[PDB]
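Here you go:
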């Protein structure tokens, strides 16, 4: 491993705006229907075991890629979740969803 893989942060929280990489650009997730099940799926992708949804975390820019995300909670990826068409939203970045992963 690189040295970069020989450090880690344990027993705390990673909290912030949830972003997703689609069509070669980072974009954000509207908080419409964004819930703990969605947050857990998102956080699982980063190797965490639980996510809590933070409504209207805000602060993003550019594309809003996802809206009305409706995960069962058991998906390995947001790509497996039911949601609006990618890039189909009626949102602004004040509504950008966040997560507290742990």
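Residue numbers (the deposited numbering): 417 to 518.
Even for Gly, the Cβ is constructed at its ideal location relative to N, Cα and C.
In whole angstroms, what is the alpha-carbon distance linking residue 455 and residue 466?
Taking the chain shown and counting its residues from 1, one reaches residue 455 at position 39. Taking the chain shown and counting its residues from 1, one reaches residue 466 at position 50. Roughly 8 Å between the two C-alpha positions.
Beta-carbon gap between residue 459 and residue 483 smaller than 8 Å:
By one-based count along the chain shown, residue 459 stands at place 43. By one-based count along the chain shown, residue 483 stands at place 67. No, the Cβ-Cβ distance between residue 459 and residue 483 is not below 8 Å.
Less than 8 Å between C-beta atoms, sequence neighbours within five positions excluded: which residues of the same chain meet that for residue 504?
On the chain shown, residue 504 is found 88 positions in, with the first residue counted as 1. Residues 483 of the same chain have their beta carbon placed closer than 8 Å to that of residue 504, with the five preceding and five following residues left out of the count.
Quick test of your reading: residue 414 and residue 510, contact by CB under 8 Å. State the CB separation rounded to the nearest angstrom.
Since the first and last residues shown for the chain are 417 and 518, residue 414 lies out of range.
Tell me whether residue 399 sits in a helix, a strand or coil according to DSSP, three-state version.
Given that the chain is displayed from residue 417 to residue 518, the structure contains no residue 399 and the question cannot be resolved.
With distance defined between alpha-carbon atoms, name the residue in 517, 440, 469 nearest to residue 481.
If you number the chain shown from 1, residue 481 lands on position 65. The shortest Cα separation from residue 481 among 517, 440, 469 belongs to 440.
Residue 444 versus residue 417 - alpha carbon distance:
To locate residue 444, count along the chain shown from 1; it is residue 28. To locate residue 417, count along the chain shown from 1; it is residue 1. When rounded, the distance between both Cα atoms is 31 Å.
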